[PDB]
Peer 1: 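The structure that follows is given in the form of structure tokens.
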Amino acid sequence: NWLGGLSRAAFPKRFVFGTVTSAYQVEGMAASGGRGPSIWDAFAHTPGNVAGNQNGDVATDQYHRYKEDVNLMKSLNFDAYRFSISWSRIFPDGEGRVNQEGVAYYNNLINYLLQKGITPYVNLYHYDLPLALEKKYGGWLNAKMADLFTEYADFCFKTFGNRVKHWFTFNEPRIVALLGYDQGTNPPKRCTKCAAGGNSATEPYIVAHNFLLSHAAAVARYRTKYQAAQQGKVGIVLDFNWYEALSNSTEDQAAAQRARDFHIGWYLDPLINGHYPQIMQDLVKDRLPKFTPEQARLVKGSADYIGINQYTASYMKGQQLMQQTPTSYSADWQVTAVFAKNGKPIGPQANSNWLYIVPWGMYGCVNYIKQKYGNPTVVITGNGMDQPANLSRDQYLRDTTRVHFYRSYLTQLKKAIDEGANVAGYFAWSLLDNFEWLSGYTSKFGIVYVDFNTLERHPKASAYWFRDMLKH
Ligand SMILES: OC[C@H]1O[C@@H](O[C@H]2[C@H](O)[C@@H](O)[C@H](O[C@H]3[C@H](O)[C@@H](O)[C@H](O[C@H]4[C@H](O)[C@@H](O)[C@H](O)O[C@@H]4CO)O[C@@H]3CO)O[C@@H]2CO)[C@H](O)[C@@H](O)[C@@H]1O
Ligand SMILES: OC[C@H]1O[C@@H](O[C@H]2[C@H](O)[C@@H](O)[C@H](O[C@H]3[C@H](O)[C@@H](O)[C@H](O[C@H]4[C@H](O)[C@@H](O)[C@H](O)O[C@@H]4CO)O[C@@H]3CO)O[C@@H]2CO)[C@H](O)[C@@H](O)[C@@H]1O
Ligand SMILES: [Zn+2]
């Protein structure tokens, strides 16, 4: 069957199904309703940065259309909606004055979701640092971010936490560290060779450390001030793509494990075990900041659940570990990614060049977290694939590849859960075609088509797939 035996009955009782967006990617009204600019507003408005010089000024205009979009998700039988609050929509300068119109938007959205029986899962941060904080403090390079983020988090807990019971602090700090500070292709565009300055061998580690410390401080505030009354939870969202040893050699198996440690262990070992992975300590040495015992104790156990964004997989080929002059976080891994084995590609690519369709990667990631980290509560916080630009409306709607993608990936997730993985929920990226960062509007991840000329929504085949699969 086109559902392939999948239904709510195929997953644990009370298992949560949702869709996901992020503020800058869908809201629009980027310079309206009192919102202050983020580092992404500045970046996207700079010619050459984004495909077609596009930006999120309007995006999908969810700001005005949110009731349409909530009605749609309810009609598709989803239980939950993961979205983010724009920090600069609440605090236009990142600190100080509150934008009451901004607060009103999120109240209206949260209240309508609950009215419609959709549980809000709320991210505090999704790449969108207030520009004022980047300029004044140097953003995530500054340890003061822990205080600044905590004050922002505190406001959100106070203001929305009587209704919001499922929080995330950050979205993919690895990608911020990697693209913002190693490669320098995302804001603030820092790297060794970059015009804005930087150092690809040191800054990604500083940035990751400050995300972990800020996460821990915000959760400490939640637990000490808000938890007793509000009785909600706070997690974090981490990207994890699977790495499989290219061969059964000791070298290749070590390479795959090294890649896992530099990718997900970078954050999970501090969050679960209170230290960075040993291999990163051994290889990165004095470039890897050290948690004090007090900080390690604040960070350890500070996530109530682990959000995982899972998309793809690759093979890893090893080498003899070498003494090398440090150049970048990326080069520190001492591995080679490989996308074919025995002459056959690991899988076909979606529109995004990095996204190989490899459903067994979902099983790989979830099983690995279960076995390595004491089976923590995991939520799949984003999974999906993209169509290219320039298709007709009807071609977008007949998204048979995406239907196959979800059926296969969810079957692999089911396999891991049936083997005992502690997965509490699953969220499809995305509800809507949206502003896909550097790809702008040239990458279409939605189960719902958005006509970017008219802003009309049209559910794709994959939307009706979810509706059928999720019927109560
Ligand atoms: O309906 C509005 C809109 O829907 C869009 O999506 C369509 C798909 O294009 C179409 O293929 C899909 O057909 C499903 C059907 O809904 C299921 O009920 C049926 O399930 C069968 C299954 O085939 C058997 O193997 C199994 O044993 O039994 C079940 C249940 O009896 O499977 C077919 C697919 O083969 O329906 C979607 C939703 O309508 C359309 O693209 C668009 O044109 C429509 O406007
Ligand atoms: O994109 C959809 C949606 O989900 C989330 O998107 C994240 C993904 O979770 C994350 O895996 C993805 O990471 C990519 C990254 O964007 C690429 O820049 C990077 O490219 C590699 C390249 O493949 C290599 O050949 C080269 O050597 O190195 C570069 C990196 O230096 O590959 C990784 C995947 O391995 O990034 C997405 C965001 O850009 C987000 O939460 C959401 O907002 C997205 O819309
Ligand atoms: Zn509008």
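Numbers here simply count residues along the sequence, with the first being 1. Atoms within each ligand, like the ligands themselves, are counted from 1 in listed order. Values below: every heavy atom of this structure, side chains too, minus hydrogens, waters and symmetry copies.
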Peer 1: For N309, take its heavy atoms, then give the atoms of ligand 2 lying under 4.0 Å from any of them.
Peer 2: 41 (O)
Peer 1: Look only at the side chain of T377 and the backbone of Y305, and say whether a donor-acceptor pair between them is shorter than 3.5 Å.
Peer 2: no
Peer 1: If you count heavy atoms of other groups shown closer than 6.0 angstrom to NE2 of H458, is the number above 12?
Peer 2: yes
Peer 1: Kindly state if atom 30 (C) of ligand 2 has a protein heavy atom within a strict 4.0 Å cut-off, that is, under 4.0 Å?
Peer 2: yes
Peer 1: Heavy atom under 4.0 Å from ligand 2: found in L178's side chain, backbone, both, or neither?
Peer 2: side chain
Peer 1: Using heavy atoms and a threshold below 4.0 Å, how should the contact between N186 and ligand 2 be classified: side chain, backbone, both, or neither?
Peer 2: neither
Peer 1: Check for a donor-acceptor pair, side chain of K460 on one end and backbone N or O of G446 on the other, with a separation under 3.5 Å.
Peer 2: yes
Peer 1: As a test of reading the structure, name the N/O/S atom of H64 that is nearest the Zn ion (ligand 3).
Peer 2: ND1
Peer 1: How does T185 reach ligand 2, by side chain, by backbone, by both or by neither, if only non-hydrogen atoms under 4.0 Å count?
Peer 2: neither
Peer 1: From atom 21 (C) of ligand 2, is the closest protein heavy-atom distance below 4.0 Å?
Peer 2: no
Peer 1: Is the shortest distance from atom 1 (O) of ligand 2 to a protein heavy atom below 4.0 Å?
Peer 2: yes
Peer 1: Can you tell me which residue and heavy atom of the protein come closest to atom 32 (O) of ligand 2, and the distance to 0.1 Å?
Peer 2: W354 CB, 3.7 Å
Peer 1: Return yes when at least one protein heavy atom is under 4.0 Å from atom 8 (C) of ligand 2, and no when none is.
Peer 2: yes
Peer 1: Quick test: of every protein heavy atom, which one is nearest to atom 34 (C) of ligand 2, and how far off is it to 0.1 Å?
Peer 2: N241 ND2, 3.7 Å
Peer 1: Pull out every atom of ligand 1 sitting under 4.0 Å from any heavy atom of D468, numbered as shown with elements.
Peer 2: 16 (O)
Peer 1: I'd like to know whether the aromatic ring centres of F11 and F17 sit less than 6.0 Å apart in this structure.
Peer 2: yes
Peer 1: Answer with yes or no whether the side chains of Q387 and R402 bring together a donor and an acceptor at under 3.5 Å.
Peer 2: yes
Peer 1: Taking the six-membered ring of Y396 (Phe, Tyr or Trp), confirm whether the NZ or CZ of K444 is under 6.0 Å from its centre and within 45° of its axis.
Peer 2: yes
Peer 1: Counting only heavy atoms, tell me which of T400, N1, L397, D394 gets closest to atom 25 (O) of ligand 1.
Peer 2: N1
Peer 1: Quick check on contacts: which atoms of ligand 2 are under 4.0 angstrom from a heavy atom of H126?
Peer 2: 41 (O), 42 (C), 43 (O)
Peer 1: Name of the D61 N, O or S atom nearest the Zn ion (ligand 3)?
Peer 2: OD2
